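One structure is given below, encoded as structure tokens.
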Amino acid sequence: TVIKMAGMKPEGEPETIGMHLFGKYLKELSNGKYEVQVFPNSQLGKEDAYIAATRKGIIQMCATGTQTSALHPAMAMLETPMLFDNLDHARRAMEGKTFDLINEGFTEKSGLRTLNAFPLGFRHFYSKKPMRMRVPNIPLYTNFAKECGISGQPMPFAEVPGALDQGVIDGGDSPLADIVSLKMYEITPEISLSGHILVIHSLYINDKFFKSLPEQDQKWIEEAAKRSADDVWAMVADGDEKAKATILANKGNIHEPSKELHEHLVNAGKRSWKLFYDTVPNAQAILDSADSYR
Ligand SMILES: O=P(O)(O)OC[C@H](O)CO
């Protein structure tokens with residue numbers, strides 16, 4: 001049985017590594033019965049298209065992030081700005097009650113089942129000088145850019161390399177995995193560490209397709225998703241260290257916001273939670289659960 005999975009990231013990036021590991025593990029556990037074909041880097045379209053294709057069952061699985069907030073506002077809270085103190089905090093929440101609260105009701109709305117949660121990494125600024133900034137076209141990001149006084153230029157990730165090459169935008173903010181993967185520092189060499197948001201993605205599965213399988217097969221899929229997520233949680237920290245080094249080796253600079261700007265981002269981050277209180281019925285409970293794991 002072939003499972004087609006689409007994603008949005010290049011090879012060597014944690015989402016994509018995750019996808020392959022899931023594939024490797026699932027073949028293992030199911031004894032060669034299931035094979036997974038991985039289509040990363042928007043090969044089967046960008047997020048809106050491949051999410052829709054997965055909802056329809058045209059493909060069985062997809063890897064993405066808070067893009068699915070379009071279908072279920074609470075999903076945005078997977079990337080609540082300023083919510084987690086570090087990766088370990090976020091992992092406790094994401095393997096615990098916080099994820100459960102966020103995911104309640106999602107499948108009913110979407111036709112998708114969220115199988116795991118794993119990080120791509122904290123977002124840091126990249127720019128030509130230490131401003132037309134790229135932002136993802138997702139509400140939580142356009143809102144947050146505003147609160148930061150940033151002039152946001154919404155565009156899908158797939159368009160980022162051309163946008164950089166084209167030379168009108170001055171920067172953006174991304175996980176280090178993405179900054180290094182796209183060699184952003186060659187064009188926008190100045191990175192400022194902020195970590196205002198931790199990017200969290202998931203492997204999603206067409207729910208109809210999933211529930212059509214034997215309870216045993218469902219278990220192997222679930223175990224493969226868990227193992228794969230566990231691997232990614234364990235590799236991002238080490239990778240960000242090497243990424244930071246790499247930037248500093250290759251004419252890149254790393255900066256430290258100033259007290260004054262750090263404060264400006266935190267407040268911006270806290271203000272941006274109105275978006276969730278406005279849009280997510282159980283926002284306070286979700287926030288409370290995350291705080292319980294601190
Ligand atoms: O990946 P980006 O840079 O488009 O940011 C959007 C995140 O993937 C949302 O989870």
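Each chain in the structure tokens gets a letter, A, B, ..., in the order shown, and its residues are numbered from 1; ligands are numbered from 1 in order too.
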Report as an mmCIF file with N, CA and C atoms, in the first residue's frame: the residues of stretch 68-113 of chain A with a DSSP assignment of helix (DSSP H, G or I), based on the backbone of this structure.
data_model
loop_
_atom_site.group_PDB
_atom_site.id
_atom_site.type_symbol
_atom_site.label_atom_id
_atom_site.label_comp_id
_atom_site.auth_asym_id
_atom_site.auth_seq_id
_atom_site.Cartn_x
_atom_site.Cartn_y
_atom_site.Cartn_z
ATOM 1 N N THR A 68 -2.714 25.164 9.249
ATOM 2 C CA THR A 68 -3.991 24.509 9.499
ATOM 3 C C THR A 68 -4.845 25.304 10.455
ATOM 4 N N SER A 69 -4.314 26.416 10.967
ATOM 5 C CA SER A 69 -5.149 27.379 11.673
ATOM 6 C C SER A 69 -6.283 27.923 10.797
ATOM 7 N N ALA A 70 -6.202 27.747 9.478
ATOM 8 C CA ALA A 70 -7.261 28.196 8.568
ATOM 9 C C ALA A 70 -8.526 27.403 8.773
ATOM 10 N N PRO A 73 -8.951 27.573 14.390
ATOM 11 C CA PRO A 73 -8.142 28.640 14.984
ATOM 12 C C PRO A 73 -7.187 28.194 16.091
ATOM 13 N N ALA A 74 -7.540 27.200 16.891
ATOM 14 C CA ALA A 74 -6.720 26.850 18.027
ATOM 15 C C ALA A 74 -5.342 26.347 17.557
ATOM 16 N N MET A 75 -5.287 25.779 16.350
ATOM 17 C CA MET A 75 -4.001 25.278 15.807
ATOM 18 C C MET A 75 -2.946 26.364 15.799
ATOM 19 N N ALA A 76 -3.377 27.616 15.624
ATOM 20 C CA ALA A 76 -2.442 28.747 15.677
ATOM 21 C C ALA A 76 -1.666 28.751 16.977
ATOM 22 N N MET A 77 -2.308 28.324 18.054
ATOM 23 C CA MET A 77 -1.677 28.369 19.369
ATOM 24 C C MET A 77 -0.507 27.389 19.571
ATOM 25 N N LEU A 78 -0.312 26.460 18.632
ATOM 26 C CA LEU A 78 0.896 25.629 18.592
ATOM 27 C C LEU A 78 2.139 26.524 18.549
ATOM 28 N N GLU A 79 1.999 27.712 17.952
ATOM 29 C CA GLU A 79 3.097 28.674 17.826
ATOM 30 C C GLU A 79 2.843 30.020 18.558
ATOM 31 N N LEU A 87 13.004 24.518 24.325
ATOM 32 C CA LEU A 87 12.482 23.362 23.658
ATOM 33 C C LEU A 87 11.888 22.333 24.621
ATOM 34 N N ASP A 88 12.508 22.144 25.792
ATOM 35 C CA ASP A 88 12.082 21.093 26.694
ATOM 36 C C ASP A 88 10.694 21.411 27.251
ATOM 37 N N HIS A 89 10.459 22.695 27.535
ATOM 38 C CA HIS A 89 9.161 23.173 27.968
ATOM 39 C C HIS A 89 8.150 22.852 26.861
ATOM 40 N N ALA A 90 8.454 23.261 25.631
ATOM 41 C CA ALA A 90 7.519 23.088 24.537
ATOM 42 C C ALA A 90 7.236 21.614 24.333
ATOM 43 N N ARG A 91 8.242 20.760 24.480
ATOM 44 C CA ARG A 91 8.004 19.323 24.271
ATOM 45 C C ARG A 91 7.086 18.711 25.334
ATOM 46 N N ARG A 92 7.280 19.063 26.611
ATOM 47 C CA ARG A 92 6.341 18.663 27.640
ATOM 48 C C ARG A 92 4.916 19.060 27.264
ATOM 49 N N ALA A 93 4.712 20.298 26.836
ATOM 50 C CA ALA A 93 3.362 20.755 26.490
ATOM 51 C C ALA A 93 2.830 20.027 25.267
ATOM 52 N N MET A 94 3.680 19.847 24.276
ATOM 53 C CA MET A 94 3.209 19.304 23.022
ATOM 54 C C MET A 94 2.944 17.791 23.103
ATOM 55 N N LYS A 97 -0.993 17.918 27.733
ATOM 56 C CA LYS A 97 -2.370 18.369 27.697
ATOM 57 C C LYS A 97 -2.547 19.546 26.719
ATOM 58 N N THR A 98 -1.490 20.321 26.503
ATOM 59 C CA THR A 98 -1.607 21.513 25.653
ATOM 60 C C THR A 98 -2.008 21.106 24.222
ATOM 61 N N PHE A 99 -1.311 20.106 23.690
ATOM 62 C CA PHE A 99 -1.627 19.573 22.373
ATOM 63 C C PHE A 99 -3.027 19.001 22.309
ATOM 64 N N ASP A 100 -3.403 18.249 23.338
ATOM 65 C CA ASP A 100 -4.749 17.681 23.392
ATOM 66 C C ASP A 100 -5.808 18.782 23.327
ATOM 67 N N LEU A 101 -5.632 19.850 24.115
ATOM 68 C CA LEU A 101 -6.613 20.939 24.134
ATOM 69 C C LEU A 101 -6.703 21.618 22.773
ATOM 70 N N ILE A 102 -5.559 21.821 22.128
ATOM 71 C CA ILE A 102 -5.512 22.513 20.850
ATOM 72 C C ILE A 102 -6.166 21.679 19.751
ATOM 73 N N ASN A 103 -5.972 20.362 19.828
ATOM 74 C CA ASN A 103 -6.419 19.436 18.822
ATOM 75 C C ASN A 103 -7.847 18.960 18.974
ATOM 76 N N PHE A 106 -10.455 19.349 16.063
ATOM 77 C CA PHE A 106 -9.804 19.639 14.784
ATOM 78 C C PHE A 106 -10.238 18.676 13.680
ATOM 79 N N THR A 107 -10.254 17.403 13.999
ATOM 80 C CA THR A 107 -10.495 16.381 12.986
ATOM 81 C C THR A 107 -11.913 16.476 12.431
ATOM 82 N N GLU A 108 -12.851 16.829 13.300
ATOM 83 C CA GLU A 108 -14.238 17.022 12.906
ATOM 84 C C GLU A 108 -14.359 18.143 11.894
ATOM 85 N N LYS A 109 -13.566 19.196 12.085
ATOM 86 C CA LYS A 109 -13.573 20.343 11.179
ATOM 87 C C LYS A 109 -12.802 20.115 9.867
ATOM 88 N N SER A 110 -11.802 19.237 9.903
ATOM 89 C CA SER A 110 -10.796 19.224 8.845
ATOM 90 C C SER A 110 -10.776 17.956 8.003
#
Can you tell me which residues sit at most 7 Å away from ligand 1, counting only C-alpha atoms and all ligand atoms, written as a PDB file with C-alpha atoms, in the first residue's frame?
ATOM      1  CA  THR A  64       2.769  21.288   7.793  1.00  0.00           C
ATOM      2  CA  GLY A  65       2.371  23.730  10.658  1.00  0.00           C
ATOM      3  CA  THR A  66      -0.001  26.468  11.804  1.00  0.00           C
ATOM      4  CA  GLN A  67      -1.240  26.799   8.211  1.00  0.00           C
ATOM      5  CA  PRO A 136       4.293  33.831   6.344  1.00  0.00           C
ATOM      6  CA  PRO A 156       4.510  31.356   1.103  1.00  0.00           C
ATOM      7  CA  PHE A 157       7.826  29.827   2.079  1.00  0.00           C
ATOM      8  CA  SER A 174      12.939  31.984  10.298  1.00  0.00           C
ATOM      9  CA  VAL A 199       7.935  26.670  14.877  1.00  0.00           C
ATOM     10  CA  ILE A 200       5.998  23.445  15.464  1.00  0.00           C
ATOM     11  CA  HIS A 201       4.893  21.130  12.629  1.00  0.00           C
TER      12      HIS A 201
END
Excluding stretch 33-41 of chain A and residues on its chain fewer than 3 positions from it, collect all residues at most 12 Å away from it, counting only C-alpha atoms, and give them as an MDAnalysis selection string. chainID A and resid 1:30 44:47 50 59:64 156:161 178 181:182 203 213 217:218 220:221 224
Just want the 9 Å neighbourhood of residue A:226, counted on only C-alpha atoms, with same-chain residues fewer than 2 positions away dropped. Output as JSON, numbers by chain. {"A": [22, 115, 116, 117, 221, 222, 223, 224, 228, 229, 230, 231]}
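With distances taken over only C-alpha atoms, A:191 is the one residue among A:191, A:53, A:164, A:176 lying closest to residue A:254.
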Find the spatial neighbours of residue A:151, counting only C-alpha atoms, within a cut-off of 12 Å - ignore same-chain residues fewer than 4 positions away - and output them as a ChimeraX atom specification. /A:131-135,141-147,169-172
Output file for the residues above (C-alpha atoms, as a PDB file, in the first residue's frame):
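Okay, this is what ended up in selection-v5.pdb:
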ATOM      1  CA  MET A 131      12.014  47.557   6.437  1.00  0.00           C
ATOM      2  CA  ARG A 132      10.153  45.252   4.116  1.00  0.00           C
ATOM      3  CA  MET A 133      10.188  41.973   6.062  1.00  0.00           C
ATOM      4  CA  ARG A 134       8.868  38.685   4.734  1.00  0.00           C
ATOM      5  CA  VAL A 135       6.191  37.071   6.858  1.00  0.00           C
ATOM      6  CA  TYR A 141       2.321  35.975  11.794  1.00  0.00           C
ATOM      7  CA  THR A 142       0.808  39.026  10.000  1.00  0.00           C
ATOM      8  CA  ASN A 143      -0.746  40.057  13.319  1.00  0.00           C
ATOM      9  CA  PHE A 144       2.461  39.612  15.183  1.00  0.00           C
ATOM     10  CA  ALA A 145       4.440  41.612  12.603  1.00  0.00           C
ATOM     11  CA  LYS A 146       2.067  44.512  13.117  1.00  0.00           C
ATOM     12  CA  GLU A 147       2.465  44.471  16.876  1.00  0.00           C
ATOM     13  CA  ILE A 169      12.578  42.755   0.817  1.00  0.00           C
ATOM     14  CA  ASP A 170      15.201  43.488   3.490  1.00  0.00           C
ATOM     15  CA  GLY A 171      14.715  40.358   5.601  1.00  0.00           C
ATOM     16  CA  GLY A 172      12.339  38.217   7.664  1.00  0.00           C
TER      17      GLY A 172
END
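One distance worth recording is that between atom CA of residue A:289 and atom CA of residue A:86, which is 15.6 Å.
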Please build the interface table for stretch 152-232 of chain A against stretch 260-278 of chain A with a cut-off of 10 Å, listing for each qualifying residue the nearest atom pair and the distance in Å to one decimal; count only C-alpha atoms, order rows by chain and increasing number, and write it as CSV.
residue,atom,partner,partner_atom,distance
A:193,CA,A:262,CA,9.7
A:194,CA,A:262,CA,7.5
A:195,CA,A:265,CA,9.8
A:196,CA,A:269,CA,7.1
A:197,CA,A:269,CA,8.8
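Relative to atom CA of residue A:280, atom CA of residue A:104 is found at 11.7 Å.
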